[PDB]
file query_31.cif (mmCIF, C-alpha atoms and all ligand atoms)
data_final
loop_
_atom_site.group_PDB
_atom_site.id
_atom_site.type_symbol
_atom_site.label_atom_id
_atom_site.label_comp_id
_atom_site.auth_asym_id
_atom_site.auth_seq_id
_atom_site.Cartn_x
_atom_site.Cartn_y
_atom_site.Cartn_z
ATOM 1 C CA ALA A 1 -5.599 5.492 0.905
ATOM 2 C CA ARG A 2 -2.408 6.252 -1.015
ATOM 3 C CA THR A 3 -1.873 4.063 -4.064
ATOM 4 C CA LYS A 4 0.706 3.448 -6.777
ATOM 5 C CA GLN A 5 -1.815 5.097 -9.071
ATOM 6 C CA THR A 6 -1.887 8.302 -7.022
ATOM 7 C CA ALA A 7 1.664 8.635 -5.706
ATOM 8 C CA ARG A 8 3.105 8.970 -9.205
ATOM 9 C CA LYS A 9 2.421 11.991 -11.416
ATOM 10 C CA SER A 10 3.007 10.054 -14.637
ATOM 11 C CA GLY B 1 8.864 12.192 -1.043
ATOM 12 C CA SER B 2 10.833 11.525 -4.219
ATOM 13 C CA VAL B 3 9.125 9.737 -7.107
ATOM 14 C CA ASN B 4 12.496 8.262 -8.081
ATOM 15 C CA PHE B 5 12.169 5.792 -5.204
ATOM 16 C CA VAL B 6 8.542 4.866 -5.849
ATOM 17 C CA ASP B 7 9.193 1.411 -7.357
ATOM 18 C CA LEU B 8 10.381 0.183 -3.964
ATOM 19 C CA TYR B 9 6.748 -0.335 -2.941
ATOM 20 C CA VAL B 10 5.820 -3.918 -3.808
ATOM 21 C CA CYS B 11 3.650 -6.344 -1.797
ATOM 22 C CA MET B 12 5.531 -8.946 0.249
ATOM 23 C CA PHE B 13 6.776 -11.359 -2.440
ATOM 24 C CA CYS B 14 3.506 -10.787 -4.318
ATOM 25 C CA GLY B 15 2.981 -7.527 -6.243
ATOM 26 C CA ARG B 16 4.798 -7.994 -9.552
ATOM 27 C CA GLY B 17 2.765 -7.030 -12.623
ATOM 28 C CA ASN B 18 -0.339 -7.711 -10.522
ATOM 29 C CA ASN B 19 -2.836 -5.709 -8.363
ATOM 30 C CA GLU B 20 -0.184 -2.956 -7.881
ATOM 31 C CA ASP B 21 -2.952 -0.390 -8.558
ATOM 32 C CA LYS B 22 -4.799 -1.401 -5.378
ATOM 33 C CA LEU B 23 -1.463 -1.326 -3.535
ATOM 34 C CA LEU B 24 -1.290 0.511 -0.206
ATOM 35 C CA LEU B 25 1.581 1.938 1.833
ATOM 36 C CA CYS B 26 0.818 2.376 5.546
ATOM 37 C CA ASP B 27 2.301 5.615 6.957
ATOM 38 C CA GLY B 28 5.022 4.451 9.332
ATOM 39 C CA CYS B 29 5.452 0.798 8.342
ATOM 40 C CA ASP B 30 4.564 1.823 4.784
ATOM 41 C CA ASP B 31 6.548 -0.567 2.581
ATOM 42 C CA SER B 32 3.626 -2.549 1.059
ATOM 43 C CA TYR B 33 0.261 -4.352 1.475
ATOM 44 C CA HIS B 34 -2.347 -5.288 -1.158
ATOM 45 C CA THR B 35 -5.922 -4.656 -0.038
ATOM 46 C CA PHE B 36 -6.624 -8.410 -0.014
ATOM 47 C CA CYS B 37 -3.193 -9.824 0.884
ATOM 48 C CA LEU B 38 -2.974 -8.366 4.395
ATOM 49 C CA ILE B 39 -5.275 -5.519 5.424
ATOM 50 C CA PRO B 40 -8.203 -5.038 7.946
ATOM 51 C CA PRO B 41 -11.386 -7.223 7.513
ATOM 52 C CA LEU B 42 -12.128 -4.495 4.965
ATOM 53 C CA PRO B 43 -10.546 -5.393 1.581
ATOM 54 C CA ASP B 44 -11.229 -2.483 -0.738
ATOM 55 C CA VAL B 45 -9.151 0.487 -1.896
ATOM 56 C CA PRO B 46 -10.029 2.917 0.991
ATOM 57 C CA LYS B 47 -10.918 6.537 0.263
ATOM 58 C CA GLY B 48 -10.437 7.843 3.788
ATOM 59 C CA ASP B 49 -7.813 7.292 6.493
ATOM 60 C CA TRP B 50 -5.465 4.391 5.788
ATOM 61 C CA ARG B 51 -3.415 2.395 8.312
ATOM 62 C CA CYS B 52 -2.634 -1.321 8.585
ATOM 63 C CA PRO B 53 -4.061 -3.681 11.299
ATOM 64 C CA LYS B 54 -0.864 -3.401 13.355
ATOM 65 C CA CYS B 55 -0.550 0.389 13.394
ATOM 66 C CA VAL B 56 -4.203 0.897 14.264
ATOM 67 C CA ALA B 57 -3.680 -1.665 16.995
ATOM 68 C CA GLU B 58 -1.558 0.743 19.033
ATOM 69 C CA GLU B 59 -2.860 4.315 18.947
HETATM 70 ZN ZN ZN C 101 -0.221 -8.940 -2.804
HETATM 71 ZN ZN ZN C 102 1.214 0.073 9.502
#

call {"tool": "encode", "arguments": {"input": "query_31.cif", "output": "structure tokens"}}
result
Amino acid sequence: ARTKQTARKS
Amino acid sequence: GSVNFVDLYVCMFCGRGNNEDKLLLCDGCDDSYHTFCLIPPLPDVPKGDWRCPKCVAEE
């Protein structure tokens, strides 16, 4: 599952 | 797509400064759904194929 944690590359 | 428009993913009403880490976006209807707010009888952060109850309902 795609999360807010994953989607962004900081 | 673009990371500039990533903040537009927030749970319906809910989702401010909360569980946003466990937040899911269902490919197609993908705006927002927390794993316990409205998801299959399975509330967890999935590690496989993700889709909401409604999208899985018509495949
Ligand atoms: Zn929520
Ligand atoms: Zn869906």

call {"tool": "residues_around", "arguments": {"input": "query_31.cif", "residues": "residue 7 (chain A)", "least_positions_apart": "4", "cutoff": "9 Å", "atoms": "all atoms listed in the file", "output": "list in words"}}
result
residues 2 and 3 of chain A; 3 and 6 of chain B

call {"tool": "write_last_selection", "arguments": {"input": "query_31.cif", "atoms": "C-alpha atoms", "output": "short mmCIF file (atom, residue, chain, number, x, y, z; two decimals), keeping the file's coordinate frame"}}
result
data_model
loop_
_atom_site.label_atom_id
_atom_site.label_comp_id
_atom_site.auth_asym_id
_atom_site.auth_seq_id
_atom_site.Cartn_x
_atom_site.Cartn_y
_atom_site.Cartn_z
CA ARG A 2 -2.41 6.25 -1.01
CA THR A 3 -1.87 4.06 -4.06
CA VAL B 3 9.12 9.74 -7.11
CA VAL B 6 8.54 4.87 -5.85
#

call {"tool": "resolve_selection", "arguments": {"input": "query_31.cif", "expression": "the PyMOL selection byres (((chain B and resi 12-26) around 10) and not hetatm)", "output": "PyMOL selection string"}}
result
(chain A and resi 1-6) or (chain B and resi 9-11+27-39+43-46+49-55)

call {"tool": "atom_distance", "arguments": {"input": "query_31.cif", "atom1": "CA of residue 41 (chain B)", "atom2": "CA of residue 58 (chain B)"}}
result
17.1 Å
